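Coordinates as given in upload10.txt (compact mmCIF, C-alpha atoms):
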# COMPACT_ATOMS: atom_id res chain seq x y z
CA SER N 57 -94.26 27.04 -59.43
CA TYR N 58 -92.99 28.53 -62.81
CA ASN N 59 -90.00 29.78 -64.92
CA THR N 60 -88.87 32.66 -67.20
CA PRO N 61 -85.88 33.20 -69.55
CA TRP N 62 -84.09 34.29 -66.34
CA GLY N 63 -85.11 31.30 -64.20
CA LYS N 64 -87.70 29.43 -62.13
CA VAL N 65 -90.18 30.86 -59.62
CA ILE N 66 -91.27 28.66 -56.77
CA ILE N 67 -93.74 29.29 -53.98
CA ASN N 68 -91.82 28.36 -50.97
CA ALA N 69 -93.84 27.56 -47.97
CA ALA N 70 -95.27 30.17 -45.68
CA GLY N 71 -96.03 31.38 -49.24
CA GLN N 72 -93.12 33.54 -50.36
CA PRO N 73 -92.12 33.78 -54.03
CA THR N 74 -88.57 32.48 -54.41
CA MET N 75 -86.13 32.50 -57.34
CA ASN N 76 -82.87 30.49 -57.27
CA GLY N 77 -84.20 29.63 -53.82
CA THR N 78 -84.25 33.39 -53.05
CA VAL N 79 -87.38 34.86 -51.46
CA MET N 80 -87.69 37.82 -53.84
CA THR N 81 -89.21 40.96 -52.35
CA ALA N 82 -90.34 44.34 -53.66
CA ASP N 83 -86.73 45.28 -52.87
CA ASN N 84 -84.52 42.81 -54.73
CA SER N 85 -87.22 42.31 -57.32
CA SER N 86 -88.22 44.50 -60.25
CA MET N 87 -90.57 44.14 -63.19
CA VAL N 88 -88.77 43.45 -66.46
CA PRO N 89 -90.11 43.32 -70.02
CA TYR N 90 -90.90 39.99 -71.55
CA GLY N 91 -92.41 40.05 -75.03
CA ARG N 92 -95.62 42.07 -74.86
CA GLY N 93 -95.62 42.16 -71.06
CA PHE N 94 -93.62 42.17 -67.83
CA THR N 95 -92.47 39.61 -65.34
CA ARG N 96 -90.65 39.85 -62.07
CA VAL N 97 -86.97 38.85 -61.54
CA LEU N 98 -84.37 39.90 -58.94
CA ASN N 99 -80.61 40.71 -59.45
CA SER N 100 -80.09 39.18 -62.86
CA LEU N 101 -81.82 41.82 -65.07
CA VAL N 102 -78.90 41.70 -67.42
CA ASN N 103 -78.45 37.96 -67.87
CA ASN N 104 -78.57 37.07 -71.55
CA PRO N 105 -80.37 33.98 -72.93
CA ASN W 329 -119.02 23.18 -53.02
CA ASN W 330 -118.24 26.43 -54.85
CA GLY W 331 -120.25 27.81 -52.08
CA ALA W 332 -119.74 31.51 -51.91
CA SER W 333 -116.42 31.39 -53.87
CA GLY W 334 -117.89 33.03 -56.97
CA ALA W 335 -118.92 36.26 -55.21
CA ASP W 336 -115.53 36.70 -53.53
CA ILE W 337 -113.76 36.12 -56.85
CA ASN W 338 -115.77 38.71 -58.71
CA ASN W 339 -115.22 41.04 -55.81
CA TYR W 340 -111.47 40.52 -55.74
CA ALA W 341 -111.21 41.09 -59.49
CA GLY W 342 -112.94 44.44 -59.10
CA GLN W 343 -110.49 45.29 -56.38
CA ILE W 344 -107.53 44.55 -58.63
CA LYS W 345 -109.13 46.78 -61.25
CA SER W 346 -109.49 49.69 -58.84
CA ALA W 347 -105.87 49.36 -57.54
CA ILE W 348 -104.48 49.45 -61.11
CA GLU W 349 -106.83 52.30 -61.96
CA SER W 350 -105.77 54.36 -58.93
CA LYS W 351 -102.27 54.54 -60.38
CA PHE W 352 -103.21 56.16 -63.71
CA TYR W 353 -102.03 59.71 -64.42
CA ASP W 354 -104.94 60.34 -66.78
CA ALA W 355 -107.52 57.52 -66.34
CA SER W 356 -110.20 59.55 -68.16
CA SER W 357 -108.35 59.50 -71.51
CA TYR W 358 -109.28 55.83 -71.81
CA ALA W 359 -112.89 55.95 -70.65
CA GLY W 360 -114.68 53.61 -73.09
CA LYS W 361 -111.72 51.38 -73.94
CA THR W 362 -111.19 47.78 -72.77
CA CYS W 363 -108.04 45.88 -71.97
CA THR W 364 -107.59 42.20 -71.06
CA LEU W 365 -104.65 41.55 -68.73
CA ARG W 366 -103.43 38.17 -67.64
CA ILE W 367 -102.18 38.41 -64.03
CA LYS W 368 -100.15 36.23 -61.74
CA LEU W 369 -100.10 37.19 -58.04
CA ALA W 370 -98.17 35.77 -55.09
CA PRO W 371 -100.02 34.43 -52.06
CA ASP W 372 -100.08 37.97 -50.62
CA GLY W 373 -101.16 40.04 -53.66
CA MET W 374 -97.69 40.90 -54.92
CA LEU W 375 -97.40 41.10 -58.72
CA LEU W 376 -95.53 38.25 -60.30
CA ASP W 377 -96.28 38.31 -64.04
CA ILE W 378 -98.52 40.54 -66.17
CA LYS W 379 -99.24 40.43 -69.94
CA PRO W 380 -102.08 41.73 -72.20
CA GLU W 381 -104.46 39.40 -74.04
CA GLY W 382 -106.86 41.63 -76.04
CA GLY W 383 -108.19 45.20 -76.42
CA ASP W 384 -106.80 48.72 -77.00
CA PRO W 385 -102.97 48.91 -77.36
CA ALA W 386 -102.75 52.40 -75.82
CA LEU W 387 -104.87 51.36 -72.78
CA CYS W 388 -103.12 47.98 -72.47
CA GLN W 389 -99.85 49.96 -72.31
CA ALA W 390 -100.82 52.45 -69.58
CA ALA W 391 -102.54 49.66 -67.64
CA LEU W 392 -99.27 47.72 -67.49
CA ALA W 393 -97.40 50.78 -66.27
CA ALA W 394 -100.02 51.22 -63.54
CA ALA W 395 -99.93 47.53 -62.73
CA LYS W 396 -96.21 47.92 -61.89
CA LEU W 397 -97.21 50.32 -59.13
CA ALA W 398 -100.60 49.22 -57.69
CA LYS W 399 -100.88 47.82 -54.14
CA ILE W 400 -102.98 44.77 -54.62
CA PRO W 401 -104.81 43.47 -51.56
CA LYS W 402 -104.13 40.08 -50.06
CA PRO W 403 -106.35 37.23 -51.37
CA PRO W 404 -109.05 36.71 -48.71
CA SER W 405 -109.42 32.99 -49.32
CA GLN W 406 -107.79 29.84 -50.67
CA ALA W 407 -110.26 29.68 -53.58
CA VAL W 408 -109.56 33.29 -54.63
CA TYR W 409 -105.75 32.87 -54.54
CA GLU W 410 -106.30 29.63 -56.46
CA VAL W 411 -107.90 31.69 -59.18
CA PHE W 412 -105.58 34.71 -59.09
CA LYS W 413 -102.22 32.98 -59.09
CA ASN W 414 -103.11 32.93 -62.83
CA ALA W 415 -106.17 34.66 -64.26
CA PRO W 416 -107.33 36.98 -67.07
CA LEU W 417 -109.04 40.25 -66.14
CA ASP W 418 -111.06 42.76 -68.22
CA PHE W 419 -109.87 46.25 -67.24
CA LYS W 420 -112.21 49.15 -68.11
CA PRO W 421 -111.45 52.69 -66.85
Translate the structure described by the file into structure tokens.
Amino acid sequence: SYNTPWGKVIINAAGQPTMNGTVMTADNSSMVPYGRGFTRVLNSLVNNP
Amino acid sequence: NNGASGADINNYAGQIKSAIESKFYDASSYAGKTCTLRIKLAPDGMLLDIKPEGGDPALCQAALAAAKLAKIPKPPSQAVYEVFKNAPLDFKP
């Protein structure tokens, strides 16, 4: 149900976090800086805005 | 209504605190300091988004590093997940 400079995060069904329709896990997902904090993305860590 | 939701929510908050805290290298260097973190968790306790919203910059910093690592327990209730998909938390070592 949200989006970052790298995209939109949606809560699926069966309750998985998805991004680009991808159910991001602890394995294709990392925590990347965002202003004063962090936010989770997947395989697009270098994707300029 | 909010019957018994309040207690679980306070409880769950304190459980997030202790999971973040368990991942500190030197949690006693920050003993009296306070940090406010705004957290977004998935339906199963997985970290989604974390940002600080007040308090000590040094503590806020270490507490974000520890938040990257913590294993946060699964919300035990619809009401609790309703709160912790987005919610601010006072973190105090």
Need the axis-aligned box for range 84-91 of chain N with 4 Å each side, so what are the centre and edges in Å to one decimal, as AutoDock Vina command-line options?
--center_x -88.5 --center_y 42.2 --center_z -64.9 --size_x 15.9 --size_y 12.5 --size_z 28.3
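Using only C-alpha atoms, the shortest contact distance between chain W and any of N:87, N:75, N:101, N:66 is found at N:87.
Put simply, CA of residue 369 in chain W is 13.4 Å away from CA of residue 348 in chain W.
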>> Could you list, as an MDAnalysis selection string, every residue within 12 Å of residue 59 in chain N, counting all atoms listed in the file and ignoring same-chain residues fewer than 2 positions away?
In response: (chainID N and resid 57 61:67 73:76 95:97) or (chainID W and resid 376:377)
Writing out the chosen residues with C-alpha atoms as a compact mmCIF listing (two decimals), in the coordinates of the input:
# COMPACT_ATOMS: atom_id res chain seq x y z
CA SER N 57 -94.26 27.04 -59.43
CA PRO N 61 -85.88 33.20 -69.55
CA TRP N 62 -84.09 34.29 -66.34
CA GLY N 63 -85.11 31.30 -64.20
CA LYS N 64 -87.70 29.43 -62.13
CA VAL N 65 -90.18 30.86 -59.62
CA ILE N 66 -91.27 28.66 -56.77
CA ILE N 67 -93.74 29.29 -53.98
CA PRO N 73 -92.12 33.78 -54.03
CA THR N 74 -88.57 32.48 -54.41
CA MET N 75 -86.13 32.50 -57.34
CA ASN N 76 -82.87 30.49 -57.27
CA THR N 95 -92.47 39.61 -65.34
CA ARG N 96 -90.65 39.85 -62.07
CA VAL N 97 -86.97 38.85 -61.54
CA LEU W 376 -95.53 38.25 -60.30
CA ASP W 377 -96.28 38.31 -64.04
>> Could you tell me how far CA of residue 379 in chain W sits from CA of residue 366 in chain W, in Å to one decimal place?
In response: 5.3 Å
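The protein and nucleic acid residues lying at most 12 Å from residue 93 in chain N are residues 87, 88 and 89 of chain N; 364, 365, 366, 367, 368, 376, 377, 378, 379, 380, 381, 385, 388, 389, 390, 391, 392, 393, 395 and 396 of chain W, with only C-alpha atoms considered and sequence neighbours fewer than 4 positions away removed.
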>> Using all atoms listed in the file and a cutoff of 9 Å, can you tell me which residues are near (-102.6, 29.7, -53.4) in the file's coordinates, and write them out as a ChimeraX atom specification?
In response: /N:67,71 /W:370-371,403,405-413
> Hey, which of W:337, W:400, W:374, W:416 ends up closest to residue 349 in chain W? Count only C-alpha atoms.
Replying inline: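 Among the listed residues, the smallest separation from residue 349 in chain W belongs to W:400.
Omitting residue 346 in chain W and its sequence neighbours fewer than 5 positions away, and counting all atoms listed in the file, the residues within 9 Å are residues 341, 351, 398 and 421 of chain W.
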Requested write-out: C-alpha atoms of the selected residues, as an mmCIF file, in the frame of the given file:
data_model
loop_
_atom_site.group_PDB
_atom_site.id
_atom_site.type_symbol
_atom_site.label_atom_id
_atom_site.label_comp_id
_atom_site.auth_asym_id
_atom_site.auth_seq_id
_atom_site.Cartn_x
_atom_site.Cartn_y
_atom_site.Cartn_z
ATOM 1 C CA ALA W 341 -111.210 41.090 -59.490
ATOM 2 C CA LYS W 351 -102.270 54.540 -60.380
ATOM 3 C CA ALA W 398 -100.600 49.220 -57.690
ATOM 4 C CA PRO W 421 -111.450 52.690 -66.850
#
> CA of residue 86 in chain N and CA of residue 402 in chain W, how far apart in Å?
Replying inline: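 Here the two named atoms are 19.4 Å from each other.
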> Of the candidates W:354, W:418, W:372, W:336, which one gets nearest to chain N if we count all atoms listed in the file?
Replying inline: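 Smallest separation from chain N among the options: W:372.
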